[PDB]
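Asker: One structure, as structure tokens, below. Some questions next.
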Number of protein chains: 2
Amino acid sequence: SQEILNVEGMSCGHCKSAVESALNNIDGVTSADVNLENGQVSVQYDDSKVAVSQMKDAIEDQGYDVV
Amino acid sequence: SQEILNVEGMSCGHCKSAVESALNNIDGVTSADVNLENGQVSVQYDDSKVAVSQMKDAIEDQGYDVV
Ligand SMILES: [Cu+]
Ligand SMILES: [Cu+]
Ligand SMILES: [Cu+]
Ligand SMILES: [Cu+]
Ligand SMILES: [Mg+2]
Ligand SMILES: [Mg+2]
Ligand SMILES: [Mg+2]
């Protein structure tokens, strides 16, 4: 499954790495790709293992806003 | 001694942390304080031990531009 989340506050490569790392530490997330130019975060996942709510919380816990 | 560097590209707390760590790794740098709001980086150092050239290089090696 794929989810595209729109995120505010990611301003550089360090933010990209923080977000991708946080998402990839969740069991069930297969990969994550931040696009800093448009704020889009694309998550590939097993939808029997992880909910989108968990993705949003992981990102917000890193200090960003899911919009 | 005190040096103020003007640095472009620091966008967030991760950038701040990276710049301060790189500077504090240099022998003779006592402390470093990034102001993200104006790009100024204040470095306290022993001017017998460290040159400003070493500070600029450390910053530019982390990917930022020193003015
Ligand atoms: Cu950043
Ligand atoms: Cu950041
Ligand atoms: Cu940053
Ligand atoms: Cu950064
Ligand atoms: Mg969906
Ligand atoms: Mg993983
Ligand atoms: Mg030190």
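Just remember, in the structure tokens the first chain shown is A, the second B, etc., residues are 1-based per chain, and ligands are 1-based in the order shown.
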I need the strand (DSSP E) residues of chain B per DSSP on the backbone, written as a list in words.

Answerer: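 So, restricting chain B to strand (DSSP E), we get residues 2, 3, 4, 5, 6, 7, 8, 29, 30, 31, 32, 33, 34, 35, 40, 41, 42, 43, 44, 45, 65 and 66 of chain B.
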
Asker: Which residues, written as JSON, numbers by chain, have at least one atom at most 12 Å from residue B:67, with only C-alpha atoms counted and residues fewer than 6 positions away on the same chain left out?

Answerer: {"B": [4, 5, 6, 7, 8, 9, 39, 40, 41, 56, 59, 60]}

Asker: Go ahead and dump the residues you just picked, N, CA and C atoms, as a tab-separated table (two decimals), in the first residue's frame.

Answerer:
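The resulting file, again_28.tsv, is reproduced below:
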```
chain	number	residue	atom	x	y	z
B	4	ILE	N	32.75	35.80	14.73
B	4	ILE	CA	31.39	35.68	14.24
B	4	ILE	C	31.42	35.34	12.76
B	5	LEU	N	30.90	34.16	12.39
B	5	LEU	CA	30.79	33.74	11.00
B	5	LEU	C	29.38	34.02	10.54
B	6	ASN	N	29.23	34.43	9.29
B	6	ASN	CA	27.90	34.59	8.67
B	6	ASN	C	27.69	33.38	7.74
B	7	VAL	N	26.66	32.58	8.04
B	7	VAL	CA	26.48	31.28	7.41
B	7	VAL	C	25.13	31.26	6.78
B	8	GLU	N	25.12	30.81	5.53
B	8	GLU	CA	23.87	30.59	4.76
B	8	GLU	C	23.57	29.11	4.66
B	9	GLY	N	22.27	28.81	4.72
B	9	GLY	CA	21.80	27.42	4.51
B	9	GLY	C	21.33	26.74	5.79
B	39	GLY	N	21.59	33.74	10.98
B	39	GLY	CA	22.70	33.02	10.38
B	39	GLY	C	24.06	33.28	10.99
B	40	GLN	N	24.10	34.02	12.09
B	40	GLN	CA	25.38	34.31	12.73
B	40	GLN	C	25.80	33.17	13.61
B	41	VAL	N	27.06	32.79	13.49
B	41	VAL	CA	27.62	31.80	14.37
B	41	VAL	C	28.78	32.37	15.21
B	56	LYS	N	35.73	27.92	9.07
B	56	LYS	CA	35.03	28.02	7.79
B	56	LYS	C	35.01	26.67	7.12
B	59	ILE	N	32.50	24.25	8.66
B	59	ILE	CA	31.14	24.61	8.34
B	59	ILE	C	30.83	24.19	6.89
B	60	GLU	N	31.72	24.51	5.97
B	60	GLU	CA	31.49	24.22	4.57
B	60	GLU	C	31.49	22.72	4.33
```

Asker: Hey, which residues sit close to ligand 5? Say within 10 Å, counting only C-alpha atoms and all ligand atoms, and write them as a list in words.

Answerer: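 Sorted by chain and then by number, the residues are residues 1, 2, 3, 4, 5, 43, 47, 51 and 52 of chain A.
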
Asker: Deliver the residues from the most recent selection as a file, using N, CA and C atoms, as a compact mmCIF listing (two decimals), in the first residue's frame.

Answerer:
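Output contents, as saved in result16.txt:
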```
# COMPACT_ATOMS: atom_id res chain seq x y z
N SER A 1 0.86 -1.16 0.00
CA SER A 1 0.00 0.00 0.00
C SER A 1 0.91 1.22 0.00
N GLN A 2 0.34 2.29 -0.47
CA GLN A 2 1.01 3.62 -0.53
C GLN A 2 0.16 4.68 0.13
N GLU A 3 0.80 5.51 0.97
CA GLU A 3 0.18 6.69 1.48
C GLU A 3 1.03 7.87 1.18
N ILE A 4 0.41 8.97 0.75
CA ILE A 4 1.18 10.21 0.55
C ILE A 4 0.67 11.19 1.58
N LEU A 5 1.54 11.60 2.52
CA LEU A 5 1.20 12.58 3.52
C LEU A 5 1.82 13.91 3.18
N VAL A 43 4.88 6.86 1.63
CA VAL A 43 5.16 5.73 2.50
C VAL A 43 4.63 4.47 1.82
N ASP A 47 -0.48 -2.83 4.84
CA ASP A 47 -1.64 -2.29 5.51
C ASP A 47 -2.31 -3.17 6.49
N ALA A 51 -1.05 1.37 10.52
CA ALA A 51 -2.07 2.32 10.18
C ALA A 51 -1.46 3.68 9.89
N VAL A 52 -2.15 4.44 9.08
CA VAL A 52 -1.72 5.80 8.76
C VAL A 52 -1.64 6.69 9.97
```

Asker: Sorted by chain and rising residue number, list the residues of chain A at most 10 Å from ligand 2 (counting only C-alpha atoms and all ligand atoms), each with its closest atom pair and distance in Å to one decimal, as CSV.

Answerer:
```
residue,atom,partner,partner_atom_place_in_ligand_line,distance
A:9,CA,ligand 2,1 (Cu),8.1
A:10,CA,ligand 2,1 (Cu),6.3
A:11,CA,ligand 2,1 (Cu),6.2
A:12,CA,ligand 2,1 (Cu),6.2
A:13,CA,ligand 2,1 (Cu),7.5
A:14,CA,ligand 2,1 (Cu),5.0
A:15,CA,ligand 2,1 (Cu),3.8
A:16,CA,ligand 2,1 (Cu),7.6
A:17,CA,ligand 2,1 (Cu),8.6
A:18,CA,ligand 2,1 (Cu),7.4
A:19,CA,ligand 2,1 (Cu),9.2
A:62,CA,ligand 2,1 (Cu),8.8
A:63,CA,ligand 2,1 (Cu),8.6
A:64,CA,ligand 2,1 (Cu),9.1
```

Asker: Nearest residue to ligand 4 out of A:50, A:66, A:36, A:55, using only C-alpha atoms and all ligand atoms?

Answerer: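 Comparing A:50, A:66, A:36, A:55 against ligand 4, the winner is A:36.
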
Asker: Could you state the separation of atom CA of residue A:22 and atom CA of residue A:34 in Å, given to one decimal place?

Answerer: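 Calculated distance between atom CA of residue A:22 and atom CA of residue A:34 is 11.7 Å.
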
Asker: Please check which protein, DNA or RNA residues sit within 8 Å of ligand 7, counting only C-alpha atoms and all ligand atoms, and write them as a ChimeraX atom specification.

Answerer: /B:23-31

Asker: Can I get the selected residues back with N, CA and C atoms, as a short mmCIF file (atom, residue, chain, number, x, y, z; two decimals), in the first residue's frame?

Answerer:
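The result, written out as result_35.cif:
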```
data_model
loop_
_atom_site.label_atom_id
_atom_site.label_comp_id
_atom_site.auth_asym_id
_atom_site.auth_seq_id
_atom_site.Cartn_x
_atom_site.Cartn_y
_atom_site.Cartn_z
N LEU B 23 32.19 22.48 14.79
CA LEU B 23 33.09 23.50 15.34
C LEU B 23 33.72 23.07 16.64
N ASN B 24 32.91 22.52 17.56
CA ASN B 24 33.45 22.04 18.84
C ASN B 24 34.41 20.86 18.74
N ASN B 25 34.40 20.13 17.64
CA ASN B 25 35.39 19.09 17.39
C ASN B 25 36.78 19.60 17.17
N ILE B 26 36.94 20.89 16.82
CA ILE B 26 38.24 21.44 16.54
C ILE B 26 38.95 21.76 17.85
N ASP B 27 40.18 21.29 17.98
CA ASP B 27 40.98 21.61 19.18
C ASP B 27 41.29 23.09 19.18
N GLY B 28 40.98 23.73 20.31
CA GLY B 28 41.11 25.18 20.49
C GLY B 28 39.82 25.97 20.39
N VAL B 29 38.74 25.34 19.84
CA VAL B 29 37.40 25.94 19.91
C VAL B 29 36.79 25.54 21.22
N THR B 30 36.38 26.57 21.96
CA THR B 30 35.82 26.42 23.30
C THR B 30 34.31 26.24 23.27
N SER B 31 33.61 27.01 22.42
CA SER B 31 32.21 26.84 22.23
C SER B 31 31.78 27.44 20.91
#
```

Asker: What is the distance, in Å and to one decimal place, between atom CA of residue A:21 and atom CA of residue A:49?

Answerer: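 These atoms are spaced 17.6 Å apart.
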